[PDB]
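This is start.txt (compact mmCIF, N, CA and C atoms).
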```txt
# COMPACT_ATOMS: atom_id res chain seq x y z
N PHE F 246 -134.82 5.83 -74.29
CA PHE F 246 -133.95 4.75 -74.74
C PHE F 246 -133.02 4.34 -73.61
N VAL F 247 -132.87 3.03 -73.43
CA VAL F 247 -131.94 2.48 -72.46
C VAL F 247 -131.36 1.20 -73.03
N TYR F 248 -130.08 0.97 -72.77
CA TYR F 248 -129.38 -0.19 -73.28
C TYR F 248 -128.66 -0.87 -72.14
N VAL F 249 -128.76 -2.20 -72.08
CA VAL F 249 -128.13 -3.00 -71.04
C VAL F 249 -127.28 -4.07 -71.72
N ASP F 250 -126.05 -4.23 -71.25
CA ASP F 250 -125.13 -5.24 -71.78
C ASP F 250 -124.89 -6.27 -70.68
N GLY F 251 -125.69 -7.33 -70.69
CA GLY F 251 -125.52 -8.39 -69.72
C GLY F 251 -126.75 -9.26 -69.66
N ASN F 252 -126.71 -10.22 -68.75
CA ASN F 252 -127.81 -11.14 -68.52
C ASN F 252 -128.51 -10.78 -67.22
N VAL F 253 -129.81 -11.06 -67.17
CA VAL F 253 -130.63 -10.79 -66.00
C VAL F 253 -131.27 -12.10 -65.57
N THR F 254 -131.18 -12.41 -64.28
CA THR F 254 -131.67 -13.66 -63.74
C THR F 254 -132.57 -13.39 -62.55
N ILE F 255 -133.67 -14.13 -62.47
CA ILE F 255 -134.56 -14.08 -61.31
C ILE F 255 -134.13 -15.20 -60.37
N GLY F 256 -133.58 -14.82 -59.23
CA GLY F 256 -132.98 -15.79 -58.33
C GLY F 256 -134.01 -16.73 -57.72
N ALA F 257 -133.49 -17.74 -57.05
CA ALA F 257 -134.35 -18.74 -56.43
C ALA F 257 -135.26 -18.09 -55.40
N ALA F 258 -136.53 -18.46 -55.43
CA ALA F 258 -137.52 -18.04 -54.45
C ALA F 258 -137.82 -16.54 -54.51
N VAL F 259 -137.47 -15.87 -55.59
CA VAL F 259 -137.75 -14.45 -55.72
C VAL F 259 -139.21 -14.26 -56.09
N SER F 260 -139.76 -13.10 -55.72
CA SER F 260 -141.14 -12.77 -56.06
C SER F 260 -141.33 -11.27 -55.94
N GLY F 261 -142.39 -10.78 -56.58
CA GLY F 261 -142.75 -9.38 -56.52
C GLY F 261 -141.98 -8.47 -57.45
N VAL F 262 -141.12 -9.02 -58.31
CA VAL F 262 -140.30 -8.17 -59.16
C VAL F 262 -141.17 -7.51 -60.23
N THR F 263 -140.65 -6.40 -60.76
CA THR F 263 -141.30 -5.70 -61.86
C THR F 263 -140.24 -4.95 -62.66
N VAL F 264 -140.33 -5.05 -63.98
CA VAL F 264 -139.37 -4.42 -64.88
C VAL F 264 -140.15 -3.70 -65.98
N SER F 265 -139.52 -2.69 -66.58
CA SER F 265 -140.17 -1.97 -67.66
C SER F 265 -139.15 -1.14 -68.41
N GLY F 266 -139.40 -0.96 -69.71
CA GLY F 266 -138.65 0.00 -70.50
C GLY F 266 -137.16 -0.25 -70.57
N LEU F 267 -136.75 -1.48 -70.86
CA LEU F 267 -135.34 -1.80 -70.97
C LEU F 267 -135.09 -2.63 -72.21
N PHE F 268 -133.91 -2.45 -72.80
CA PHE F 268 -133.43 -3.25 -73.93
C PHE F 268 -132.30 -4.12 -73.40
N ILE F 269 -132.62 -5.36 -73.06
CA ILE F 269 -131.65 -6.28 -72.49
C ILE F 269 -130.90 -6.97 -73.61
N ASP F 270 -129.59 -6.79 -73.65
CA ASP F 270 -128.75 -7.39 -74.69
C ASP F 270 -128.18 -8.73 -74.24
N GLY F 271 -129.05 -9.64 -73.82
CA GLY F 271 -128.60 -10.94 -73.38
C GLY F 271 -129.76 -11.78 -72.89
N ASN F 272 -129.43 -12.99 -72.46
CA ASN F 272 -130.44 -13.92 -72.01
C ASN F 272 -131.20 -13.34 -70.82
N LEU F 273 -132.27 -14.04 -70.44
CA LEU F 273 -133.06 -13.70 -69.25
C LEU F 273 -133.49 -15.02 -68.62
N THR F 274 -132.69 -15.51 -67.69
CA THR F 274 -132.94 -16.80 -67.05
C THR F 274 -133.95 -16.63 -65.93
N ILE F 275 -134.84 -17.61 -65.80
CA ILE F 275 -135.86 -17.63 -64.75
C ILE F 275 -135.86 -19.03 -64.16
N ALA F 276 -135.13 -19.22 -63.07
CA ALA F 276 -135.04 -20.51 -62.40
C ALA F 276 -135.26 -20.34 -60.91
N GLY F 277 -135.93 -21.31 -60.30
CA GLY F 277 -136.17 -21.27 -58.88
C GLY F 277 -137.09 -20.16 -58.43
N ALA F 278 -137.76 -19.49 -59.35
CA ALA F 278 -138.62 -18.37 -58.99
C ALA F 278 -139.90 -18.87 -58.33
N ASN F 279 -140.56 -17.97 -57.61
CA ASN F 279 -141.80 -18.27 -56.91
C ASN F 279 -142.99 -17.50 -57.48
N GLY F 280 -142.86 -16.96 -58.67
CA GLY F 280 -143.97 -16.29 -59.31
C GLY F 280 -144.15 -14.86 -58.85
N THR F 281 -145.26 -14.28 -59.29
CA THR F 281 -145.58 -12.89 -59.03
C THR F 281 -144.54 -11.97 -59.66
N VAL F 282 -144.46 -12.05 -60.99
CA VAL F 282 -143.53 -11.26 -61.78
C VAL F 282 -144.31 -10.60 -62.91
N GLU F 283 -143.71 -9.58 -63.51
CA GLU F 283 -144.38 -8.83 -64.56
C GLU F 283 -143.33 -8.06 -65.35
N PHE F 284 -143.19 -8.37 -66.63
CA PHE F 284 -142.29 -7.67 -67.53
C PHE F 284 -143.10 -6.86 -68.52
N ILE F 285 -142.62 -5.67 -68.85
CA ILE F 285 -143.33 -4.77 -69.75
C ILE F 285 -142.32 -4.04 -70.62
N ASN F 286 -142.69 -3.79 -71.87
CA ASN F 286 -141.92 -2.96 -72.79
C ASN F 286 -140.43 -3.28 -72.70
N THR F 287 -140.11 -4.53 -73.02
CA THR F 287 -138.75 -5.02 -72.92
C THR F 287 -138.39 -5.77 -74.19
N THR F 288 -137.09 -5.82 -74.48
CA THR F 288 -136.57 -6.55 -75.62
C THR F 288 -135.42 -7.42 -75.16
N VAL F 289 -135.27 -8.57 -75.81
CA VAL F 289 -134.20 -9.52 -75.49
C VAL F 289 -133.51 -9.90 -76.79
N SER F 290 -132.18 -9.84 -76.79
CA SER F 290 -131.41 -10.19 -77.97
C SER F 290 -131.15 -11.68 -78.09
N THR F 291 -131.50 -12.47 -77.07
CA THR F 291 -131.25 -13.91 -77.09
C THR F 291 -132.46 -14.60 -76.47
N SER F 292 -132.29 -15.87 -76.14
CA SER F 292 -133.41 -16.71 -75.74
C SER F 292 -133.67 -16.60 -74.24
N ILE F 293 -134.92 -16.29 -73.89
CA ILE F 293 -135.35 -16.46 -72.51
C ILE F 293 -135.28 -17.94 -72.16
N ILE F 294 -134.92 -18.23 -70.92
CA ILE F 294 -134.74 -19.61 -70.48
C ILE F 294 -135.33 -19.77 -69.09
N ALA Q 150 -137.61 -45.26 -51.76
CA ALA Q 150 -137.71 -46.02 -52.99
C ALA Q 150 -138.94 -45.59 -53.78
N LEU Q 151 -138.83 -45.69 -55.10
CA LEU Q 151 -139.93 -45.44 -56.02
C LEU Q 151 -140.40 -46.76 -56.61
N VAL Q 152 -141.68 -46.83 -56.94
CA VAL Q 152 -142.26 -48.07 -57.46
C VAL Q 152 -143.44 -47.72 -58.35
N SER Q 153 -143.64 -48.53 -59.38
CA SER Q 153 -144.86 -48.52 -60.17
C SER Q 153 -145.52 -49.89 -60.23
N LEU Q 154 -144.86 -50.94 -59.72
CA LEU Q 154 -145.47 -52.26 -59.65
C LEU Q 154 -146.72 -52.25 -58.79
N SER Q 155 -146.69 -51.50 -57.69
CA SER Q 155 -147.82 -51.43 -56.77
C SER Q 155 -149.05 -50.80 -57.42
N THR Q 156 -148.92 -50.39 -58.68
CA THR Q 156 -150.06 -49.86 -59.42
C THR Q 156 -150.96 -51.04 -59.81
N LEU Q 157 -151.89 -50.82 -60.74
CA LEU Q 157 -152.89 -51.83 -61.07
C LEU Q 157 -152.27 -53.22 -61.21
N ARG Q 158 -150.98 -53.27 -61.52
CA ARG Q 158 -150.20 -54.50 -61.45
C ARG Q 158 -149.64 -54.75 -60.06
N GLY Q 159 -150.35 -54.32 -59.03
CA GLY Q 159 -149.90 -54.43 -57.66
C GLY Q 159 -149.63 -55.84 -57.18
N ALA Q 160 -149.32 -55.97 -55.89
CA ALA Q 160 -148.90 -57.25 -55.34
C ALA Q 160 -150.00 -58.30 -55.39
N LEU Q 161 -151.25 -57.91 -55.63
CA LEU Q 161 -152.33 -58.89 -55.67
C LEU Q 161 -152.05 -59.93 -56.75
N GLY Q 162 -152.75 -61.06 -56.70
CA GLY Q 162 -152.51 -62.14 -57.63
C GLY Q 162 -152.92 -61.85 -59.06
N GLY Q 163 -153.28 -60.59 -59.35
CA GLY Q 163 -153.65 -60.18 -60.69
C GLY Q 163 -155.12 -59.85 -60.79
N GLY Q 164 -155.45 -58.56 -60.70
CA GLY Q 164 -156.83 -58.14 -60.76
C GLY Q 164 -157.71 -58.87 -59.77
N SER Q 165 -158.90 -59.26 -60.21
CA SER Q 165 -159.85 -60.01 -59.39
C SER Q 165 -160.43 -61.17 -60.18
N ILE Q 166 -159.58 -61.91 -60.87
CA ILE Q 166 -160.03 -63.04 -61.67
C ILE Q 166 -160.37 -64.17 -60.72
N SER Q 167 -161.64 -64.27 -60.35
CA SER Q 167 -162.08 -65.23 -59.35
C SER Q 167 -163.51 -65.64 -59.65
N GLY Q 168 -163.74 -66.95 -59.69
CA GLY Q 168 -165.07 -67.49 -59.82
C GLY Q 168 -165.32 -68.46 -58.69
N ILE Q 169 -166.55 -68.52 -58.18
CA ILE Q 169 -166.86 -69.37 -57.04
C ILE Q 169 -166.30 -70.75 -57.33
N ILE Q 170 -165.44 -71.23 -56.44
CA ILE Q 170 -164.76 -72.50 -56.69
C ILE Q 170 -165.81 -73.61 -56.79
N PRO Q 171 -165.67 -74.56 -57.70
CA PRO Q 171 -166.64 -75.66 -57.73
C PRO Q 171 -166.51 -76.51 -56.48
N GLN Q 172 -167.00 -75.98 -55.37
CA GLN Q 172 -166.80 -76.60 -54.07
C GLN Q 172 -167.67 -77.84 -53.93
N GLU Q 173 -167.60 -78.45 -52.74
CA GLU Q 173 -168.24 -79.74 -52.51
C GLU Q 173 -169.74 -79.66 -52.75
N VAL Q 174 -170.37 -80.84 -52.78
CA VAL Q 174 -171.81 -80.92 -52.96
C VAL Q 174 -172.51 -80.69 -51.63
N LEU Q 175 -173.77 -80.28 -51.71
CA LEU Q 175 -174.59 -80.07 -50.52
C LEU Q 175 -175.93 -80.78 -50.58
N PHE Q 176 -176.57 -80.82 -51.74
CA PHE Q 176 -177.92 -81.37 -51.82
C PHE Q 176 -178.29 -81.58 -53.28
N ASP Q 177 -178.95 -82.70 -53.56
CA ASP Q 177 -179.43 -82.98 -54.91
C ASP Q 177 -180.63 -83.93 -54.81
N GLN Q 178 -181.83 -83.37 -54.85
CA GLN Q 178 -183.05 -84.17 -54.95
C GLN Q 178 -184.03 -83.45 -55.87
N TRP Q 179 -184.68 -84.22 -56.74
CA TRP Q 179 -185.54 -83.69 -57.79
C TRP Q 179 -187.00 -83.86 -57.38
N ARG Q 180 -187.84 -82.89 -57.74
CA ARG Q 180 -189.24 -82.90 -57.35
C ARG Q 180 -190.12 -82.41 -58.49
N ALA Q 181 -191.22 -83.12 -58.73
CA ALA Q 181 -192.24 -82.71 -59.68
C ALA Q 181 -193.32 -81.92 -58.93
N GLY Q 182 -194.49 -81.76 -59.55
CA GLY Q 182 -195.63 -81.18 -58.87
C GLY Q 182 -195.51 -79.69 -58.65
N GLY Q 183 -196.04 -79.22 -57.53
CA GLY Q 183 -196.03 -77.80 -57.24
C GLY Q 183 -194.63 -77.29 -56.96
N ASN Q 184 -194.53 -75.96 -56.89
CA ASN Q 184 -193.25 -75.32 -56.63
C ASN Q 184 -192.66 -75.83 -55.32
N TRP Q 185 -191.35 -76.06 -55.34
CA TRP Q 185 -190.64 -76.58 -54.17
C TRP Q 185 -189.33 -75.83 -53.98
N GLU Q 186 -188.89 -75.78 -52.72
CA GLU Q 186 -187.71 -75.03 -52.34
C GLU Q 186 -187.07 -75.68 -51.12
N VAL Q 187 -185.80 -75.36 -50.90
CA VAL Q 187 -185.05 -75.80 -49.73
C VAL Q 187 -184.22 -74.63 -49.23
N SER Q 188 -183.58 -74.82 -48.07
CA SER Q 188 -182.76 -73.79 -47.46
C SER Q 188 -181.46 -74.39 -46.96
N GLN Q 189 -180.45 -73.52 -46.83
CA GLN Q 189 -179.15 -73.89 -46.30
C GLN Q 189 -178.73 -72.82 -45.31
N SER Q 190 -177.55 -72.99 -44.71
CA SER Q 190 -177.05 -72.10 -43.67
C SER Q 190 -175.79 -71.39 -44.13
N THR Q 191 -175.68 -70.11 -43.76
CA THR Q 191 -174.48 -69.34 -44.05
C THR Q 191 -173.36 -69.60 -43.06
N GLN Q 192 -173.62 -70.36 -42.00
CA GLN Q 192 -172.61 -70.58 -40.97
C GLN Q 192 -171.35 -71.18 -41.57
N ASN Q 193 -170.23 -70.48 -41.40
CA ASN Q 193 -168.94 -70.93 -41.92
C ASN Q 193 -168.96 -71.10 -43.43
N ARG Q 194 -169.85 -70.38 -44.11
CA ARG Q 194 -169.97 -70.45 -45.56
C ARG Q 194 -170.01 -69.05 -46.14
N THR Q 195 -169.31 -68.86 -47.26
CA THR Q 195 -169.25 -67.57 -47.93
C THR Q 195 -169.65 -67.63 -49.39
N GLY Q 196 -170.17 -68.75 -49.87
CA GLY Q 196 -170.59 -68.84 -51.25
C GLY Q 196 -171.30 -70.15 -51.53
N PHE Q 197 -172.05 -70.15 -52.62
CA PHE Q 197 -172.77 -71.33 -53.08
C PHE Q 197 -172.83 -71.31 -54.60
N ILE Q 198 -173.11 -72.47 -55.17
CA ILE Q 198 -173.37 -72.61 -56.60
C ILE Q 198 -174.75 -73.25 -56.74
N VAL Q 199 -175.57 -72.69 -57.62
CA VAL Q 199 -176.91 -73.21 -57.90
C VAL Q 199 -176.99 -73.54 -59.38
N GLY H 101 -117.76 -14.64 -49.25
CA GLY H 101 -117.41 -15.78 -50.08
C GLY H 101 -116.70 -15.34 -51.34
N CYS H 102 -116.41 -16.33 -52.18
CA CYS H 102 -115.61 -16.16 -53.40
C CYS H 102 -116.49 -16.01 -54.63
N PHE H 103 -117.62 -15.33 -54.51
CA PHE H 103 -118.59 -15.30 -55.59
C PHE H 103 -118.01 -14.65 -56.84
N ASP H 104 -118.24 -15.28 -57.99
CA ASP H 104 -117.83 -14.74 -59.29
C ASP H 104 -116.35 -14.39 -59.29
N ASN H 105 -115.54 -15.25 -58.69
CA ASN H 105 -114.11 -14.97 -58.56
C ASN H 105 -113.88 -13.60 -57.92
N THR H 106 -114.85 -13.15 -57.13
CA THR H 106 -114.82 -11.84 -56.51
C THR H 106 -115.09 -11.98 -55.03
N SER H 107 -114.35 -11.22 -54.23
CA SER H 107 -114.52 -11.24 -52.78
C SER H 107 -115.64 -10.28 -52.41
N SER H 108 -116.81 -10.82 -52.08
CA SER H 108 -117.97 -10.01 -51.75
C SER H 108 -118.84 -10.79 -50.78
N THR H 109 -119.98 -10.21 -50.43
CA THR H 109 -120.86 -10.76 -49.41
C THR H 109 -122.29 -10.87 -49.94
N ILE H 110 -123.03 -11.83 -49.39
CA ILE H 110 -124.42 -12.06 -49.76
C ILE H 110 -125.25 -12.19 -48.49
N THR H 111 -126.53 -11.90 -48.62
CA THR H 111 -127.44 -12.00 -47.49
C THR H 111 -127.68 -13.46 -47.14
N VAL H 112 -127.79 -13.74 -45.84
CA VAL H 112 -128.07 -15.11 -45.41
C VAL H 112 -129.35 -15.59 -46.06
N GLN H 113 -130.33 -14.71 -46.23
CA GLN H 113 -131.56 -15.09 -46.90
C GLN H 113 -131.26 -15.75 -48.24
N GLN H 114 -130.37 -15.14 -49.02
CA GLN H 114 -130.02 -15.72 -50.31
C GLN H 114 -129.39 -17.10 -50.13
N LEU H 115 -128.46 -17.23 -49.19
CA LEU H 115 -127.79 -18.51 -49.01
C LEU H 115 -128.79 -19.59 -48.63
N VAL H 116 -129.72 -19.27 -47.72
CA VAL H 116 -130.72 -20.25 -47.33
C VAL H 116 -131.51 -20.70 -48.55
N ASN H 117 -132.01 -19.75 -49.33
CA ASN H 117 -132.81 -20.10 -50.49
C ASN H 117 -132.02 -20.96 -51.46
N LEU H 118 -130.76 -20.60 -51.70
CA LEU H 118 -129.95 -21.36 -52.65
C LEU H 118 -129.84 -22.81 -52.23
N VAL H 119 -129.59 -23.06 -50.95
CA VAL H 119 -129.43 -24.44 -50.49
C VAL H 119 -130.73 -25.20 -50.68
N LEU H 120 -131.84 -24.64 -50.19
CA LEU H 120 -133.12 -25.33 -50.31
C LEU H 120 -133.51 -25.50 -51.76
N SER H 121 -133.37 -24.45 -52.57
CA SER H 121 -133.72 -24.54 -53.98
C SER H 121 -132.95 -25.64 -54.68
N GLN H 122 -131.76 -25.98 -54.19
CA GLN H 122 -130.96 -27.07 -54.72
C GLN H 122 -131.08 -28.33 -53.88
N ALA H 123 -132.01 -28.36 -52.93
CA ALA H 123 -132.12 -29.48 -52.00
C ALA H 123 -132.59 -30.76 -52.66
N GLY H 124 -132.73 -30.85 -53.98
CA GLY H 124 -133.15 -32.08 -54.60
C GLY H 124 -134.65 -32.28 -54.54
N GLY H 125 -135.06 -33.48 -54.93
CA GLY H 125 -136.48 -33.81 -54.95
C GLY H 125 -136.67 -35.31 -55.05
N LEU H 126 -137.93 -35.71 -54.98
CA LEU H 126 -138.27 -37.13 -55.04
C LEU H 126 -137.98 -37.74 -56.40
N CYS H 127 -137.88 -36.93 -57.45
CA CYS H 127 -137.68 -37.47 -58.79
C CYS H 127 -136.41 -38.31 -58.87
N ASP H 128 -135.36 -37.92 -58.15
CA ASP H 128 -134.08 -38.61 -58.24
C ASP H 128 -134.05 -39.91 -57.44
N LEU H 129 -135.10 -40.21 -56.69
CA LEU H 129 -135.11 -41.42 -55.89
C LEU H 129 -135.11 -42.65 -56.80
N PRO H 130 -134.62 -43.78 -56.31
CA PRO H 130 -134.52 -44.97 -57.16
C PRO H 130 -135.85 -45.68 -57.32
N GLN H 131 -135.92 -46.51 -58.36
CA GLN H 131 -137.09 -47.32 -58.66
C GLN H 131 -136.84 -48.74 -58.16
N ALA H 132 -137.64 -49.18 -57.19
CA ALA H 132 -137.42 -50.44 -56.51
C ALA H 132 -138.31 -51.53 -57.10
N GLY H 133 -138.21 -52.73 -56.53
CA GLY H 133 -138.94 -53.89 -57.00
C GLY H 133 -140.00 -54.38 -56.04
N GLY H 134 -139.68 -55.42 -55.28
CA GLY H 134 -140.66 -56.02 -54.40
C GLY H 134 -141.21 -55.04 -53.39
N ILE H 135 -142.42 -55.35 -52.91
CA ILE H 135 -143.14 -54.47 -52.00
C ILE H 135 -144.12 -55.32 -51.20
N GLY H 136 -144.61 -54.77 -50.09
CA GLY H 136 -145.61 -55.44 -49.29
C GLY H 136 -146.19 -54.50 -48.26
N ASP H 137 -147.32 -54.93 -47.69
CA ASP H 137 -147.94 -54.15 -46.62
C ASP H 137 -147.03 -54.04 -45.41
N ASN H 138 -146.01 -54.90 -45.32
CA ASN H 138 -144.99 -54.72 -44.29
C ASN H 138 -144.31 -53.37 -44.45
N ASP H 139 -143.98 -52.99 -45.68
CA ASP H 139 -143.35 -51.71 -45.95
C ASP H 139 -144.40 -50.60 -45.88
N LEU H 140 -143.95 -49.36 -46.08
CA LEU H 140 -144.78 -48.19 -45.86
C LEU H 140 -144.65 -47.23 -47.04
N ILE H 141 -145.69 -46.42 -47.23
CA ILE H 141 -145.75 -45.46 -48.33
C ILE H 141 -145.98 -44.08 -47.74
N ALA H 142 -145.14 -43.13 -48.15
CA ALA H 142 -145.24 -41.78 -47.62
C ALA H 142 -146.53 -41.11 -48.07
N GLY H 143 -147.02 -40.19 -47.25
CA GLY H 143 -148.23 -39.47 -47.59
C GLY H 143 -148.61 -38.51 -46.48
N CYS H 144 -149.59 -37.66 -46.79
CA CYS H 144 -150.09 -36.67 -45.86
C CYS H 144 -151.37 -37.19 -45.22
N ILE H 145 -151.37 -37.30 -43.90
CA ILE H 145 -152.52 -37.79 -43.14
C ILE H 145 -153.03 -36.62 -42.30
N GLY H 146 -154.23 -36.15 -42.62
CA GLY H 146 -154.83 -35.08 -41.84
C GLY H 146 -153.99 -33.83 -41.75
N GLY H 147 -153.14 -33.58 -42.74
CA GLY H 147 -152.31 -32.40 -42.76
C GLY H 147 -150.90 -32.58 -42.24
N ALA H 148 -150.46 -33.81 -42.00
CA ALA H 148 -149.11 -34.06 -41.50
C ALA H 148 -148.50 -35.23 -42.26
N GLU H 149 -147.18 -35.15 -42.46
CA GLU H 149 -146.47 -36.22 -43.13
C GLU H 149 -146.54 -37.49 -42.29
```
Could you write out this file's structure as structure tokens?
Amino acid sequence: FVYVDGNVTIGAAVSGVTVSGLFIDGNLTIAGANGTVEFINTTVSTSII
Amino acid sequence: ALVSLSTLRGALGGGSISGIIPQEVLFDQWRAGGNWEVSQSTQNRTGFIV
Amino acid sequence: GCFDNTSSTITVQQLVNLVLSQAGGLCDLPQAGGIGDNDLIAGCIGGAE
């Protein structure tokens, strides 16, 4: 179990990121990204944007 | 600048609505009997009406 | 810089990306009227602008 209190954003021109096994208690913005991303076993309390 | 007029509604006079102009006369003589034909020249000419 | 009302530092890589990522685009260009072969249209010729 893991709990996060905040928002997570993929910055402009980012690539190669990977996330797993987190409970994100906030939005998840994806702007200016360059692809090559992968999310697994994650939860979001609000709207991805 | 951006434009969409230059599309199919481009600067042309509107599509290609053009028919050979009823231009001047060239020859008119009638013949009976066997098959008959005449010839003309393309020099300085780009169309004809028959 | 003064990021997040906080005195901290960022990598130049990030600053470069931020500027370019916000560098605008052709979408904001204006819509014009008259045109002619006198004027010119942007495009890629043999791999070059």
(request) Identify all chain H residues at most 7 Å from chain F by counting only N, CA and C atoms; ligands do not count. Present them as a ChimeraX atom specification. (result) /H:117-118,121
(request) For atom CA of residue 249 of chain F and atom CA of residue 268 of chain F, quote the distance in Å rounded to one decimal. (result)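 Result for atom CA of residue 249 of chain F versus atom CA of residue 268 of chain F: 6.0 Å, one decimal.
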Taking a cut-off of 7 Å and counting only N, CA and C atoms, can you build a table that, for each residue of chain Q near chain H, reports the nearest atom pair and how far apart they are in Å (one decimal), sorted by chain then residue number, as JSON lines?
```
{"residue": "Q:150", "atom": "C", "partner": "H:130", "partner_atom": "C", "distance": 4.7}
{"residue": "Q:151", "atom": "N", "partner": "H:130", "partner_atom": "C", "distance": 3.7}
{"residue": "Q:152", "atom": "N", "partner": "H:132", "partner_atom": "N", "distance": 4.7}
{"residue": "Q:153", "atom": "N", "partner": "H:132", "partner_atom": "N", "distance": 6.4}
{"residue": "Q:154", "atom": "CA", "partner": "H:133", "partner_atom": "C", "distance": 6.9}
{"residue": "Q:160", "atom": "CA", "partner": "H:135", "partner_atom": "C", "distance": 6.6}
```
(request) Could you give me, as an NGL selection string, the residues that sit within 8 Å of (-146.3, -3.2, -72.2) in the file's coordinates, counting only N, CA and C atoms? (result) :F and (265-266 or 284-287)
(request) Could you please determine the separation between atom N of residue 288 of chain F and atom N of residue 248 of chain F in Å, to one decimal place? (result) 9.9 Å
(request) Quick one: pick out all strand (DSSP E or B) residues within segment 247-293 of chain F from a backbone DSSP run and write them as a list in words. (result)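 Restricting segment 247-293 of chain F to strand (DSSP E or B) produces residues 248, 249, 253, 254, 255, 264, 265, 266, 267, 268, 269, 273, 274, 275, 284, 285, 286, 287, 288, 289 and 293 of chain F.
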(request) Give me the residues within 8 Å of segment 169-182 of chain Q as a count of residues only, counting all atoms listed in the file and dropping any in the same chain fewer than 4 places off. (result) 3
Just add N, CA, C and O atoms to segment 250-264 of chain F and send it as a PDB file, in the coordinates of the input.
```pdb
ATOM      1  N   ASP F 250    -126.050  -4.230 -71.250  1.00  0.00           N
ATOM      2  CA  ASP F 250    -125.130  -5.240 -71.780  1.00  0.00           C
ATOM      3  C   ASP F 250    -124.890  -6.270 -70.680  1.00  0.00           C
ATOM      4  O   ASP F 250    -124.005  -6.108 -69.842  1.00  0.00           O
ATOM      5  N   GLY F 251    -125.690  -7.330 -70.690  1.00  0.00           N
ATOM      6  CA  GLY F 251    -125.520  -8.390 -69.720  1.00  0.00           C
ATOM      7  C   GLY F 251    -126.750  -9.260 -69.660  1.00  0.00           C
ATOM      8  O   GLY F 251    -127.712  -9.084 -70.415  1.00  0.00           O
ATOM      9  N   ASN F 252    -126.710 -10.220 -68.750  1.00  0.00           N
ATOM     10  CA  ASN F 252    -127.810 -11.140 -68.520  1.00  0.00           C
ATOM     11  C   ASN F 252    -128.510 -10.780 -67.220  1.00  0.00           C
ATOM     12  O   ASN F 252    -127.895 -10.270 -66.278  1.00  0.00           O
ATOM     13  N   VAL F 253    -129.810 -11.060 -67.170  1.00  0.00           N
ATOM     14  CA  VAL F 253    -130.630 -10.790 -66.000  1.00  0.00           C
ATOM     15  C   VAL F 253    -131.270 -12.100 -65.570  1.00  0.00           C
ATOM     16  O   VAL F 253    -131.845 -12.816 -66.397  1.00  0.00           O
ATOM     17  N   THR F 254    -131.180 -12.410 -64.280  1.00  0.00           N
ATOM     18  CA  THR F 254    -131.670 -13.660 -63.740  1.00  0.00           C
ATOM     19  C   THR F 254    -132.570 -13.390 -62.550  1.00  0.00           C
ATOM     20  O   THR F 254    -132.277 -12.524 -61.724  1.00  0.00           O
ATOM     21  N   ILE F 255    -133.670 -14.130 -62.470  1.00  0.00           N
ATOM     22  CA  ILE F 255    -134.560 -14.080 -61.310  1.00  0.00           C
ATOM     23  C   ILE F 255    -134.130 -15.200 -60.370  1.00  0.00           C
ATOM     24  O   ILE F 255    -134.303 -16.379 -60.671  1.00  0.00           O
ATOM     25  N   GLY F 256    -133.580 -14.820 -59.230  1.00  0.00           N
ATOM     26  CA  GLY F 256    -132.980 -15.790 -58.330  1.00  0.00           C
ATOM     27  C   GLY F 256    -134.010 -16.730 -57.720  1.00  0.00           C
ATOM     28  O   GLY F 256    -135.220 -16.561 -57.850  1.00  0.00           O
ATOM     29  N   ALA F 257    -133.490 -17.740 -57.050  1.00  0.00           N
ATOM     30  CA  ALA F 257    -134.350 -18.740 -56.430  1.00  0.00           C
ATOM     31  C   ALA F 257    -135.260 -18.090 -55.400  1.00  0.00           C
ATOM     32  O   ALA F 257    -134.818 -17.266 -54.590  1.00  0.00           O
ATOM     33  N   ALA F 258    -136.530 -18.460 -55.430  1.00  0.00           N
ATOM     34  CA  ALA F 258    -137.520 -18.040 -54.450  1.00  0.00           C
ATOM     35  C   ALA F 258    -137.820 -16.540 -54.510  1.00  0.00           C
ATOM     36  O   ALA F 258    -138.379 -15.987 -53.562  1.00  0.00           O
ATOM     37  N   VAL F 259    -137.470 -15.870 -55.590  1.00  0.00           N
ATOM     38  CA  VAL F 259    -137.750 -14.450 -55.720  1.00  0.00           C
ATOM     39  C   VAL F 259    -139.210 -14.260 -56.090  1.00  0.00           C
ATOM     40  O   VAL F 259    -139.845 -15.133 -56.688  1.00  0.00           O
ATOM     41  N   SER F 260    -139.760 -13.100 -55.720  1.00  0.00           N
ATOM     42  CA  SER F 260    -141.140 -12.770 -56.060  1.00  0.00           C
ATOM     43  C   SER F 260    -141.330 -11.270 -55.940  1.00  0.00           C
ATOM     44  O   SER F 260    -140.555 -10.572 -55.283  1.00  0.00           O
ATOM     45  N   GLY F 261    -142.390 -10.780 -56.580  1.00  0.00           N
ATOM     46  CA  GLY F 261    -142.750  -9.380 -56.520  1.00  0.00           C
ATOM     47  C   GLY F 261    -141.980  -8.470 -57.450  1.00  0.00           C
ATOM     48  O   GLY F 261    -142.181  -7.255 -57.392  1.00  0.00           O
ATOM     49  N   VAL F 262    -141.120  -9.020 -58.310  1.00  0.00           N
ATOM     50  CA  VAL F 262    -140.300  -8.170 -59.160  1.00  0.00           C
ATOM     51  C   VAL F 262    -141.170  -7.510 -60.230  1.00  0.00           C
ATOM     52  O   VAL F 262    -142.264  -7.959 -60.562  1.00  0.00           O
ATOM     53  N   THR F 263    -140.650  -6.400 -60.760  1.00  0.00           N
ATOM     54  CA  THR F 263    -141.300  -5.700 -61.860  1.00  0.00           C
ATOM     55  C   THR F 263    -140.240  -4.950 -62.660  1.00  0.00           C
ATOM     56  O   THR F 263    -139.367  -4.306 -62.079  1.00  0.00           O
ATOM     57  N   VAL F 264    -140.330  -5.050 -63.980  1.00  0.00           N
ATOM     58  CA  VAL F 264    -139.370  -4.420 -64.880  1.00  0.00           C
ATOM     59  C   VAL F 264    -140.150  -3.700 -65.980  1.00  0.00           C
ATOM     60  O   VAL F 264    -141.294  -4.042 -66.275  1.00  0.00           O
TER      61      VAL F 264
END
```
